[PDB]
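# Report on the structure
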Protein chains: 2
Amino acid sequence: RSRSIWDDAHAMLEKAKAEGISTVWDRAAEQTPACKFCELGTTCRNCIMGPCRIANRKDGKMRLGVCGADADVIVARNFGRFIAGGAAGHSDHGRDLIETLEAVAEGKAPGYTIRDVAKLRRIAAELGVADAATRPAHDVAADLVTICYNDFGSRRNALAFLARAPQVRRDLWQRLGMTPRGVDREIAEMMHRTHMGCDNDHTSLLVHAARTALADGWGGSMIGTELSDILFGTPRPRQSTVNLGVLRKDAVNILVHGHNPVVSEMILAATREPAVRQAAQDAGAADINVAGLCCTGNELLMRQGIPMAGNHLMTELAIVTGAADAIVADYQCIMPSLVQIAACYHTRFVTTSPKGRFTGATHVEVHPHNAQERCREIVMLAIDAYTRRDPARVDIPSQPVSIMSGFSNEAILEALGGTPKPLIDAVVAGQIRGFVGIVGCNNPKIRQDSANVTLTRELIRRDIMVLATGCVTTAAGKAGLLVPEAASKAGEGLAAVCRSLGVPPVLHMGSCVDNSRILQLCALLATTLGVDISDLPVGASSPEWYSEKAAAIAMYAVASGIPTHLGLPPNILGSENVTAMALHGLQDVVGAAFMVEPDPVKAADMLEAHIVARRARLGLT
Amino acid sequence: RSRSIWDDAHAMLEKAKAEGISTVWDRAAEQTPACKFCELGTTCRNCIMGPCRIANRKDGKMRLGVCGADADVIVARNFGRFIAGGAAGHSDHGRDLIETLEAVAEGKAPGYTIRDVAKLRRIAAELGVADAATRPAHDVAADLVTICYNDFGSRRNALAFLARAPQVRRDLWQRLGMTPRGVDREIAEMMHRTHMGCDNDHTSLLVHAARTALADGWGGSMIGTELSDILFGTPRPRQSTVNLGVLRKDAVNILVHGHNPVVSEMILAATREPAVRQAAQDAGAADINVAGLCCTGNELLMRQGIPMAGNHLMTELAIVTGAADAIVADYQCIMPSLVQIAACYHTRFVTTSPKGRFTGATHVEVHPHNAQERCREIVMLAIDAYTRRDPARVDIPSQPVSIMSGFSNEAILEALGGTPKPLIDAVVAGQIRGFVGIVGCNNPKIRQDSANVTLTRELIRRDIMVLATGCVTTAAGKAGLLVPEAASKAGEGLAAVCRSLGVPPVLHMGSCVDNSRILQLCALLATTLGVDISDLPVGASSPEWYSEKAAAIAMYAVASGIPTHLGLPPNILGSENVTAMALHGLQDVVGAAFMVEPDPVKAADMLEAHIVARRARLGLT
Ligand code: SF4
Ligand code: SF4
Ligand SMILES: [Xe]
Ligand SMILES: [Xe]
Ligand SMILES: [Xe]
Ligand SMILES: [Xe]
Ligand SMILES: [Xe]
Ligand SMILES: [Xe]
Ligand SMILES: [Xe]
Ligand SMILES: [Xe]
Ligand SMILES: [Xe]
Ligand SMILES: [Xe]
Ligand SMILES: [Xe]
Ligand SMILES: [Xe]
Ligand SMILES: [Xe]
Ligand SMILES: [Xe]
Ligand SMILES: [Xe]
Ligand SMILES: [Xe]
Ligand SMILES: [Xe]
Ligand SMILES: [Xe]
Ligand SMILES: [Xe]
Ligand SMILES: [Xe]
Ligand SMILES: [Xe]
Ligand SMILES: [Xe]
Ligand SMILES: [Xe]
Ligand SMILES: [Xe]
């Protein structure tokens, strides 16, 4: 119960307890207390002269690694590899989008098209493709593919999308040695620098961690966002629903999980073919019901309006309802426990990526050339599993909650009539005091979504508009804050802006990769006003993060000039020097810093105080 | 004393003890016993739902990570990131060589030339540069640079040098999903796969670890070896000396450390300019004495005959002599303790790489455009530090030992008269029963070089020729086994081959990156005979390894078909499934497996038994 604020979770936790199904919360208890040295970051296993631990003991022993490395170096190396794994999670996704677009450009991807040709030509023109407005769309696409691949090579001095950042920002990065040059290159160089006897200076290591994260935010993730919109459509505001109640007892229920629209968009197509709709009827189902999980669910919500069943700590509970007929997983944040919990039921657990292998799963590998054929086979697996569902163990605990989604930057600018001018006018007038992107996961160390939702309500009450991505999407949707009626929960200034646009006070801007949309928006406003991103009344927050991907997002926010709140510290407190740099030193290096505060009200105060400081620097009330 | 077999080390350990200078051996004692979970690999810190440890306890708790990951997945992920860090250590070195050659090709690198134009044209032709034999050398170089950079991109289906492998080998890799596609790409994908909720199947993870290592051996390292020979000269057999006695009391002593010939070759040039030789005389020195450490020392030994002061556990002791006037470091295996030990003396510790930063060092950053100017400034720093040397604390403990070095494959084939035919004839006749590459470091858990040298003597007595790289170079040289006279220590068949060629029974083939020479030679013989590398009477051994780089070398040897002995296990024993795959399962996957044996005599038996098996499979006595 105290594990979550949500009734639908609470009900499924009782159901799981009675059936003796162990959950992430149960295993989190088993791993408590954790190893102290792992939690502090003062442990190293980068060579077998060790493994080493750094201690603060009276006799003086164990203050240095066998190689002589101290706490500062070891902590910074561990944090660098942490960030690099998060950036890698995003880079490989962007790489898959490049490969998908090239297959469409070559005409080798049945059932795929370029859905947004206008955006294709705009992005291609922006990155330097000649005559992108009038040449055949497939040739334009092939040239865009080439530019994107060059960003995954080793010959550029700066990533292609980095030119969106204001000049003052790029100058700073260049002087600091932070300019990201290559998406994979920066990940590789981080792993190199953290090999023993390479980079042994915590400052140097932290700078390359910022460079690696930037290579994600302005590289892997931004390529991923923009190419997804080209292939699958630019999101436009639309209405949908959220929570475990989006599962229907009377339908074939197919859950997509992971991050890859290249599968999920084609699964959705397969369920619309009239022979497939027929086979589910011949199996007894009223319809075929696709619902989203995690980031692929965020993206299907943004682009098609597909309902979202839950966020990260909802994933196990989504199966305990007994109505999940199949989970279609690709990669990232897919808990391996799901395979065991699925085995307690009729549910098919289907993996589709050669990168996302799970011992004991039904592997049906999906690629652009065979996706239309394989996704149909996958949905046929779900309809068979539907026939084997046990009615005595089905309990869909909730009623779904209405939400509005689809706020790409293109839609935001559309709602403002093509210019950011009305937006900037509202901020100058003090109607919107600032903006905070609330992103990041759930973490069983925090009562699920308590901090996410509490921070959101506080911010909008203070006339701070919230941009929601990732797991916060489900949190704010279940709270009722993703509809225009929620204007009544915002302070007077934000409410009046919200009702004049007919938008909610919390704008869903997509998956964790779509945090690149927030970079793009900040950069646009900074460029429009002639100032740095670190002059904008903005902030970021991850009240309940857990993953390396979220830490990379937090790092590229900070390095880009955005104050960034974290509910929980990364494993760095064993070095006061690294800690002090993350919380303070970075402020006069990149114009922003990390804030660690588990009390969401105090988080709101801190985020709001930074916004006020930036308002005054801009000459605003 | 019992820390090393060597008199020169032993003496310097007494000197360090009397001066109260703590050494790697002392800190190794402090970190003993290590954490059991780190040593077993059953600990995970890849997200802050944890950190987690996997246990085998009666109540059943702590058998799974919070995410549900078990021991098999966690161990395999830790090992994958280990291997990826080793591959990254080599990839970035190869990247720097590409950048150096491009600067030479553009004419933007004063004091650099293409030293081996014949090799440039041969390698360029081999990789597909059109008309590489007759076009201007700089244009050929620019096209080679482009091909190498493409291997550091994301659009190839197989690395360029992989075509050296026999077809049967490439077919196997392709069917297994092991084909390396991109040097940085495979490192990035490994970091992605090991993010939580991605690749959760130990088999899948181990295969991508093999793919990542292959991307090093046939990619990062092979590009690095071949481009170094193009820029700095192909090694030819020559005579030199080894051990701390290569330091001269009467000279300005400059120690190069790390991996980068781009600095060390230019430091050597600076010490030959007549104004620099003059300034050391005006400071009182008889000459300027350059001596090598680690892999840059191996390479300077191979290409210029520069004496080598020591290997990895000699590095601290090289400073305790009191005669080190400067250490010129770049990156990898440079212990941060050296900076503190240098502070106990007059010694200048100079870093030259933006990747190899050390807190408290004199940073003089070297790049191809300014290397000739910066390396001169560096040698001027050494001559100043020479003037401040304390004669009362100088003790050069040994007399140097004569060695022969410089056995590139080009030199081996040269000594055989241009064909491998006489080599193959000796193996068929049973004069050379097989070959073992003994590579890898020192590790203070093993009495220094006891196992390296003991294994070498056993192998050559058994008519098994040894190919030495890395730290083993110093070990076999100090033992007296790197001269043609050492034929008297080999069995009758090898001795007779050795004396007919005037070569030693142990061939120095270079630094740790030059293990790519061994891949090239194996592939050449396999291609010549029409068989796989896993049919050759070959083996590899790392009796005293410590680094991720060495583990990557061991992995790409195994994946390439070469039985590989390790003196110490990597941190994997907490999973019997991963362990059994490394020691046994790999044998029927890739035709070779890891052997873990700390008794070097038993190691010799195991390596020899594999060679006998392959001999019979070939129809040999
Ligand atoms: S790199 Fe240094 S601190 Fe890390 S395990 Fe090796 S010896 Fe210990
Ligand atoms: S990835 Fe899984 S095993 Fe590793 S720390 Fe996170 S929860 Fe624990
Ligand atoms: Xe920093
Ligand atoms: Xe908006
Ligand atoms: Xe906005
Ligand atoms: Xe807005
Ligand atoms: Xe603004
Ligand atoms: Xe923001
Ligand atoms: Xe914003
Ligand atoms: Xe972080
Ligand atoms: Xe964040
Ligand atoms: Xe962000
Ligand atoms: Xe940091
Ligand atoms: Xe932080
Ligand atoms: Xe494997
Ligand atoms: Xe030889
Ligand atoms: Xe050889
Ligand atoms: Xe030989
Ligand atoms: Xe051979
Ligand atoms: Xe070998
Ligand atoms: Xe060989
Ligand atoms: Xe290894
Ligand atoms: Xe090895
Ligand atoms: Xe090797
Ligand atoms: Xe392995
Ligand atoms: Xe191993």
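## Let's talk about the sheet that holds strand β15 (residues 564–566) of chain A
Residue and element names in this part refer to chain A. Pairing is parallel in the open sheet, where six strands are placed in the order β13-β12-β11-β14-β15-β16. Lying at the two open borders of the sheet, with one neighbouring strand each, are β13 (506–510) and β16 (594–596). Neighbouring strand axes in the sheet, compared pairwise and without regard to direction, differ in orientation by 25° on average. Sheet topology note: the strand β14 (residues 538–542)/β15 ladder contains three bridges and is parallel. Counted as the bridge partner of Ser542 is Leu566 from β15.

## With respect to the UniProt feature "binding site: [2Fe-2S] cluster 1" (unreviewed entry) in chain A
Taken from the UniProt record, the annotation "binding site: [2Fe-2S] cluster 1" (unreviewed entry) applies to A:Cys35 and A:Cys38. Mapped onto the elements, A:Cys35 comes out in the loop between α2 (24–30) and α3 (36–40). Of the residues examined, A:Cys35 reaches a relative accessible area of 17% and is grouped as buried. If sequence neighbours within four positions are ignored, A:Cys35 has contacts with B:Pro51 and B:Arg53. Relative to the assigned elements, A:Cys38 resides in helix α3.

## Topic: the UniProt feature "binding site: Fe(3+)" (unreviewed entry) in chain A
Residues and elements named next belong to chain A. Taking the numbering used here, the UniProt-annotated feature "binding site: Fe(3+)" (unreviewed entry) corresponds to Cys512. Structurally, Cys512 is set in the loop between β13 and α21 (515–529). Taking the relative accessible area as the measure of exposure, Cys512 reaches 11% and is therefore buried. In contact with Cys512, not counting residues within four places along its chain, are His90, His259, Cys295, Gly470, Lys549, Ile553 and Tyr556.

## Some points on the environment of A:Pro397
All names here are of chain A. Turning to its location among the elements, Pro397 is positioned in the loop between α15 (371–387) and β10 (401–405). Each C-alpha atom of the pair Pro397 and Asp7 lies 8.0 Å from the other, and the pair is 390 residues apart in sequence. Residue contacts for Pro397: discarding those within four places in its chain leaves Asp8, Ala11, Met12, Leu244 and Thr321.

## Here we look at the site of ligand 1
A:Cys44, A:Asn46, A:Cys47, A:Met49, A:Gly50, A:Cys52, A:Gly65, A:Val66, A:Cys67, A:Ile74, A:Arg77 and A:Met196 make up every residue found near ligand 1. Within the shell around ligand 1, the residues separate by chemical class into eight nonpolar, three polar and one charged.

## Details of the site of ligand 2
Around ligand 2, the structure places B:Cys44, B:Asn46, B:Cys47, B:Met49, B:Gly50, B:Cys52, B:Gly65, B:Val66, B:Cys67, B:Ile74, B:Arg77 and B:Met196. Among the residues making up the shell around ligand 2, the classes are represented as eight nonpolar, three polar and one charged.

## Examining the relation of the copies chain A and chain B
Superposing chain A onto chain B requires a rotation of 180° together with a translation of 0.0 Å along the rotation axis, leaving an RMSD of 0.0 Å. Between the two chains, the operation in question is that of a two-fold axis. When C-alpha distances to the rotation axis are compared across chain A, the minimum falls at A:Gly153, with a value of 2.0 Å. Of the residues that chain A buries at the interface, 100% are likewise interface residues in chain B, meaning the two copies contact each other through the same surface.

## What about the side chain of A:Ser221?
All names here are of chain A. Tracing the backbone through its elements, the reader meets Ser221 in helix α9 (residues 202–232). The class of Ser221 is buried, set by a relative accessible area of 1%. Here the side chain of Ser221 touches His90 through a polar contact of 3.5 Å, side chain to side chain. Apart from residues no more than four positions distant in its own chain, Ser221 is found in contact with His90, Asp216, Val513 and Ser516.

## With respect to helix α22 (residues 548–559) of chain B
All names here are of chain B. Taking 1.5 Å per residue, twelve residues should reach 16 Å; α22 reaches 16 Å between its end C-alpha atoms and fits that length. Among the twelve residues that make up α22, twelve are buried, leaving the element largely enclosed by the rest of the structure. For α22, the complete set of buried residues consists of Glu548, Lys549, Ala550, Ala551, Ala552, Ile553, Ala554, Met555, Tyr556, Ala557, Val558 and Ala559. Looking one or two residues past α22, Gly561 carries a phi angle of roughly 105°, positive in sign.

What counts and what doesn't
- What you see is numbering from 1 along each chain in written sequence order, possibly unlike the entry, with residues lacking coordinates removed.
- The lettering of chains begins at A and the numbering of ligands begins at 1, in the order of writing.
- Note that water and hydrogens are dropped before the side-chain values are worked out from all heavy atoms of the structure.
- The pairing criterion for strands is at least two bridges between them, as found by DSSP.
- Secondary structure elements are taken from DSSP: a helix is a run of H or I of four residues or more, a strand is a run of E of two residues or more, and numbering for both begins at the N terminus.
- A fitted line through C-alpha atoms represents every axis, and for helices the fit uses only the stretch in contact; the resulting angles, taken between N-to-C directions, go from 0 to 180 degrees.
- UniProt positions are given in the numbering used here, feature names are shortened, and annotations may be inferred rather than shown by experiment.
- Buried means the residue's accessible area, taken with a 1.4 Å probe over protein chains only, is under 20% of the maximum for its type, while exposed means over 50%, and partly exposed covers the values in between.
- Two residues form a contact once any of their heavy atoms are found within 4.5 Å.
- Consider each residue's heavy atoms; a residue with any of them within 4 Å of a molecule or strand counts as near.
- Residue type decides the class: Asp, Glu, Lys and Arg count as charged, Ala, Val, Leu, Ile, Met, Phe, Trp, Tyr, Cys and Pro as nonpolar, and the leftover types, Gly among them, as polar.
- Remark: copies superposed by least squares on C-alpha atoms.
- For the purposes of these results, a polar contact is taken to be a pair of N or O atoms within 3.5 Å, where, inside protein, one atom must be able to donate a hydrogen and its partner to accept one; residues adjacent in sequence count only when each atom of the pair is a side-chain atom.
- By definition here, a helix of n residues has an expected span of 1.5 Å times n minus one.

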